[PDB]
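**Q** The file below is my_file.pdb, PDB, C-alpha atoms:
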```pdb
ATOM      1  CA  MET A   1      16.543  17.485 -19.107
ATOM      2  CA  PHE A   2      17.319  19.863 -21.973
ATOM      3  CA  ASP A   3      20.141  21.950 -20.509
ATOM      4  CA  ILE A   4      19.058  24.531 -17.934
ATOM      5  CA  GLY A   5      22.538  25.263 -16.618
ATOM      6  CA  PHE A   6      21.200  27.391 -13.773
ATOM      7  CA  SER A   7      17.864  28.828 -14.905
ATOM      8  CA  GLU A   8      15.994  26.313 -12.749
ATOM      9  CA  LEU A   9      18.207  27.076  -9.751
ATOM     10  CA  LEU A  10      17.503  30.804 -10.011
ATOM     11  CA  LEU A  11      13.749  30.483 -10.533
ATOM     12  CA  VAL A  12      13.294  27.988  -7.698
ATOM     13  CA  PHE A  13      15.698  29.975  -5.522
ATOM     14  CA  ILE A  14      13.435  32.960  -6.174
ATOM     15  CA  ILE A  15       9.960  31.437  -5.929
ATOM     16  CA  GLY A  16      11.105  30.001  -2.614
ATOM     17  CA  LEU A  17      11.534  33.464  -1.118
ATOM     18  CA  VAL A  18       8.538  35.028  -2.865
ATOM     19  CA  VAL A  19       6.406  32.102  -1.697
ATOM     20  CA  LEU A  20       7.905  31.179   1.674
ATOM     21  CA  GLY A  21       8.501  34.873   2.285
ATOM     22  CA  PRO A  22      11.949  36.317   3.072
ATOM     23  CA  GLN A  23      10.724  36.779   6.642
ATOM     24  CA  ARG A  24      11.801  33.249   7.562
ATOM     25  CA  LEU A  25      14.035  32.172   4.678
ATOM     26  CA  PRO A  26      17.095  31.238   6.779
ATOM     27  CA  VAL A  27      14.720  29.467   9.164
ATOM     28  CA  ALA A  28      14.621  26.473   6.823
ATOM     29  CA  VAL A  29      18.363  25.947   6.379
ATOM     30  CA  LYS A  30      18.894  26.774  10.053
ATOM     31  CA  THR A  31      16.316  24.326  11.405
ATOM     32  CA  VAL A  32      17.185  21.466   9.053
ATOM     33  CA  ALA A  33      20.944  21.867   9.457
ATOM     34  CA  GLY A  34      20.224  22.252  13.160
ATOM     35  CA  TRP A  35      18.997  18.767  14.032
ATOM     36  CA  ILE A  36      20.722  17.412  10.926
ATOM     37  CA  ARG A  37      24.241  18.331  12.036
ATOM     38  CA  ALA A  38      23.500  17.625  15.699
ATOM     39  CA  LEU A  39      22.332  14.072  15.004
ATOM     40  CA  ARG A  40      24.901  13.364  12.290
ATOM     41  CA  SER A  41      27.735  14.505  14.557
ATOM     42  CA  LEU A  42      26.288  12.573  17.496
ATOM     43  CA  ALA A  43      26.033   9.369  15.465
ATOM     44  CA  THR A  44      29.567   9.592  14.079
ATOM     45  CA  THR A  45      30.814  10.628  17.519
ATOM     46  CA  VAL A  46      29.273   7.504  19.044
ATOM     47  CA  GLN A  47      30.100   5.301  16.057
ATOM     48  CA  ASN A  48      33.590   6.422  15.044
ATOM     49  CA  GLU A  49      34.919   6.617  18.603
ATOM     50  CA  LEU A  50      34.090   4.301  21.504
ATOM     51  CA  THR A  51      32.293   2.186  18.904
ATOM     52  CA  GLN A  52      35.780   0.913  18.081
ATOM     53  CA  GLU A  53      37.590   1.508  21.373
ATOM     54  CA  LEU A  54      35.020  -0.053  23.703
ATOM     55  CA  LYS A  55      31.531   0.113  22.194
ATOM     56  CA  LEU A  56      32.761  -2.234  19.463
ATOM     57  CA  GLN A  57      30.494  -4.990  20.780
ATOM     58  CA  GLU A  58      27.186  -3.351  21.696
ATOM     59  CA  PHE A  59      26.587  -2.171  18.130
ATOM     60  CA  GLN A  60      27.523  -5.647  16.901
ATOM     61  CA  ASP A  61      24.976  -7.267  19.214
ATOM     62  CA  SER A  62      22.294  -4.728  18.297
ATOM     63  CA  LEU A  63      22.730  -5.163  14.544
ATOM     64  CA  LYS A  64      22.936  -8.931  15.018
ATOM     65  CA  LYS A  65      19.853  -9.112  17.238
ATOM     66  CA  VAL A  66      17.761  -7.121  14.763
ATOM     67  CA  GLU A  67      19.218  -8.921  11.746
ATOM     68  CA  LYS A  68      18.143 -12.249  13.244
ATOM     69  CA  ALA A  69      14.716 -11.034  14.360
ATOM     70  CA  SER A  70      14.369  -9.511  10.892
ATOM     71  CA  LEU A  71      15.809 -12.413   8.899
ATOM     72  CA  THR A  72      14.298 -15.165  11.046
ATOM     73  CA  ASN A  73      12.056 -15.828   8.046
ATOM     74  CA  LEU A  74      12.774 -12.963   5.648
ATOM     75  CA  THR A  75      15.513 -14.695   3.660
ATOM     76  CA  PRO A  76      16.511 -18.160   2.375
ATOM     77  CA  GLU A  77      20.093 -17.737   3.587
ATOM     78  CA  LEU A  78      19.107 -17.920   7.257
ATOM     79  CA  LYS A  79      16.777 -20.880   6.736
ATOM     80  CA  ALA A  80      19.749 -22.673   5.182
ATOM     81  CA  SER A  81      22.116 -21.832   8.038
ATOM     82  CA  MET A  82      19.591 -22.730  10.737
ATOM     83  CA  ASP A  83      18.625 -25.897   8.867
ATOM     84  CA  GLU A  84      22.247 -27.045   8.711
ATOM     85  CA  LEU A  85      22.810 -26.113  12.356
ATOM     86  CA  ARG A  86      19.643 -27.915  13.448
ATOM     87  CA  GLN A  87      20.266 -31.131  11.513
ATOM     88  CA  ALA A  88      23.959 -31.102  12.416
ATOM     89  CA  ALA A  89      23.304 -30.353  16.086
ATOM     90  CA  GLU A  90      20.408 -32.807  16.309
ATOM     91  CA  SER A  91      22.126 -35.583  14.355
ATOM     92  CA  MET A  92      25.331 -35.252  16.376
ATOM     93  CA  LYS A  93      23.364 -35.023  19.624
ATOM     94  CA  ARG A  94      21.569 -38.230  18.642
ATOM     95  CA  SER A  95      24.792 -40.089  17.852
ATOM     96  CA  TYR A  96      26.519 -38.530  20.862
ATOM     97  CA  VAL A  97      23.970 -37.962  23.627
ATOM     98  CA  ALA A  98      22.484 -41.309  22.606
ATOM     99  CA  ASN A  99      25.520 -43.182  21.284
ATOM    100  CA  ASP A 100      28.636 -42.668  23.403
ATOM    101  CA  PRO A 101      28.132 -42.094  27.153
ATOM    102  CA  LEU A 102      25.843 -45.131  27.116
ATOM    103  CA  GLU A 103      28.531 -47.579  25.997
ATOM    104  CA  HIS A 104      31.831 -48.095  27.819
TER     105      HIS A 104
END
```
Would you mind giving the structure from this file in structure tokens?
**A**
Amino acid sequence: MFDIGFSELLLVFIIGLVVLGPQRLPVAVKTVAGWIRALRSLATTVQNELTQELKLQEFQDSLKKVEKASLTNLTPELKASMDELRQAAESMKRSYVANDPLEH
């Protein structure tokens, strides 16, 4: 937090080889970038493609299903929406299913 400029980079970049041994130095970047790029590419490939051409619904249902099962009681917003939908649906159903088809 003073300046550094690169000192830190060098040191660390050095201690990493002197500690982790140069025997398997590229093994770290290789492994990480291995599953990192594979997954990243796979996600974007299945999220920036059919996810908009055909798979534009599945993802929506998945995120919605989890959001509901995760917000069912983990947020005031939902409670408000459900409360309004319940009272509105119930009230209307009471004045409709019990105040319409019964008269005339």
**Q** Interatomic distance between CA of residue 13 (chain A) and CA of residue 25 (chain A)?
**A**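 If I compute the distance from CA of residue 13 (chain A) to CA of residue 25 (chain A), I get 10.6 Å.
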**Q** With distances taken over all atoms listed in the file, which residue among A:55, A:37, A:104, A:68 lies nearest residue 82 (chain A)?
**A**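 Of A:55, A:37, A:104, A:68, the one nearest residue 82 (chain A) is A:68, counting all atoms listed in the file.
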**Q** Suppose you want the space between CA of residue 79 (chain A) and CA of residue 56 (chain A); what is it in Å?
**A**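 Rounded to one decimal, the two atoms are 27.7 Å apart.
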**Q** Which distance in Å separates CA of residue 10 (chain A) and CA of residue 24 (chain A), to one decimal?
**A**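 Distance reported for this atom pair: 18.6 Å.
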**Q** Nearest to residue 43 (chain A) among A:22, A:59, A:78, A:89, with distances taken over all atoms listed in the file: which residue is it?
**A**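 For residue 43 (chain A), the nearest of the candidates is A:59.
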**Q** Specify the axis-aligned box that encloses all atoms of region 49-59 of chain A listed in the file after padding of 5 Å on each side, stating its centre and edge lengths in Å to one decimal as AutoDock Vina command-line options.
**A**
```
--center_x 32.1 --center_y 0.8 --center_z 20.9 --size_x 21.0 --size_y 21.6 --size_z 15.6
```
**Q** Taking the partial coordinates given, rebuild region 37-52 of chain A to contain N, CA and C atoms; return it as a PDB file, in the coordinates of the input.
**A**
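Ended up saving to result09.pdb:
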```
ATOM      1  N   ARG A  37      22.840  18.356  11.636  1.00  0.00           N
ATOM      2  CA  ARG A  37      24.241  18.331  12.036  1.00  0.00           C
ATOM      3  C   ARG A  37      24.395  17.755  13.440  1.00  0.00           C
ATOM      4  N   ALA A  38      23.468  18.107  14.324  1.00  0.00           N
ATOM      5  CA  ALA A  38      23.500  17.625  15.699  1.00  0.00           C
ATOM      6  C   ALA A  38      23.452  16.101  15.747  1.00  0.00           C
ATOM      7  N   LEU A  39      22.487  15.522  15.041  1.00  0.00           N
ATOM      8  CA  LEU A  39      22.332  14.072  15.004  1.00  0.00           C
ATOM      9  C   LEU A  39      23.506  13.417  14.284  1.00  0.00           C
ATOM     10  N   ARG A  40      23.801  13.902  13.081  1.00  0.00           N
ATOM     11  CA  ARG A  40      24.901  13.364  12.290  1.00  0.00           C
ATOM     12  C   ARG A  40      26.186  13.308  13.111  1.00  0.00           C
ATOM     13  N   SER A  41      26.528  14.426  13.742  1.00  0.00           N
ATOM     14  CA  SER A  41      27.735  14.505  14.557  1.00  0.00           C
ATOM     15  C   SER A  41      27.662  13.536  15.733  1.00  0.00           C
ATOM     16  N   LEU A  42      26.491  13.461  16.357  1.00  0.00           N
ATOM     17  CA  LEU A  42      26.288  12.573  17.496  1.00  0.00           C
ATOM     18  C   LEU A  42      26.491  11.116  17.094  1.00  0.00           C
ATOM     19  N   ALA A  43      25.910  10.734  15.962  1.00  0.00           N
ATOM     20  CA  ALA A  43      26.033   9.369  15.465  1.00  0.00           C
ATOM     21  C   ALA A  43      27.491   9.007  15.206  1.00  0.00           C
ATOM     22  N   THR A  44      28.167   9.827  14.407  1.00  0.00           N
ATOM     23  CA  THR A  44      29.567   9.592  14.079  1.00  0.00           C
ATOM     24  C   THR A  44      30.440   9.636  15.328  1.00  0.00           C
ATOM     25  N   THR A  45      30.065  10.489  16.276  1.00  0.00           N
ATOM     26  CA  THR A  45      30.814  10.628  17.519  1.00  0.00           C
ATOM     27  C   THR A  45      30.673   9.382  18.387  1.00  0.00           C
ATOM     28  N   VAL A  46      29.532   8.711  18.271  1.00  0.00           N
ATOM     29  CA  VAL A  46      29.273   7.504  19.044  1.00  0.00           C
ATOM     30  C   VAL A  46      29.356   6.259  18.166  1.00  0.00           C
ATOM     31  N   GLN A  47      29.955   6.412  16.990  1.00  0.00           N
ATOM     32  CA  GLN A  47      30.100   5.301  16.057  1.00  0.00           C
ATOM     33  C   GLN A  47      31.523   5.227  15.514  1.00  0.00           C
ATOM     34  N   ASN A  48      32.218   6.359  15.534  1.00  0.00           N
ATOM     35  CA  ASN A  48      33.590   6.422  15.044  1.00  0.00           C
ATOM     36  C   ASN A  48      34.570   6.631  16.194  1.00  0.00           C
ATOM     37  N   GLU A  49      34.086   6.449  17.418  1.00  0.00           N
ATOM     38  CA  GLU A  49      34.919   6.617  18.603  1.00  0.00           C
ATOM     39  C   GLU A  49      34.898   5.360  19.467  1.00  0.00           C
ATOM     40  N   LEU A  50      34.191   5.433  20.589  1.00  0.00           N
ATOM     41  CA  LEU A  50      34.090   4.301  21.504  1.00  0.00           C
ATOM     42  C   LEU A  50      33.565   3.063  20.784  1.00  0.00           C
ATOM     43  N   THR A  51      32.850   3.283  19.685  1.00  0.00           N
ATOM     44  CA  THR A  51      32.293   2.186  18.904  1.00  0.00           C
ATOM     45  C   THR A  51      33.392   1.265  18.388  1.00  0.00           C
ATOM     46  N   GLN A  52      34.639   1.700  18.533  1.00  0.00           N
ATOM     47  CA  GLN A  52      35.780   0.913  18.081  1.00  0.00           C
ATOM     48  C   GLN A  52      36.806   0.749  19.198  1.00  0.00           C
TER      49      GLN A  52
END
```
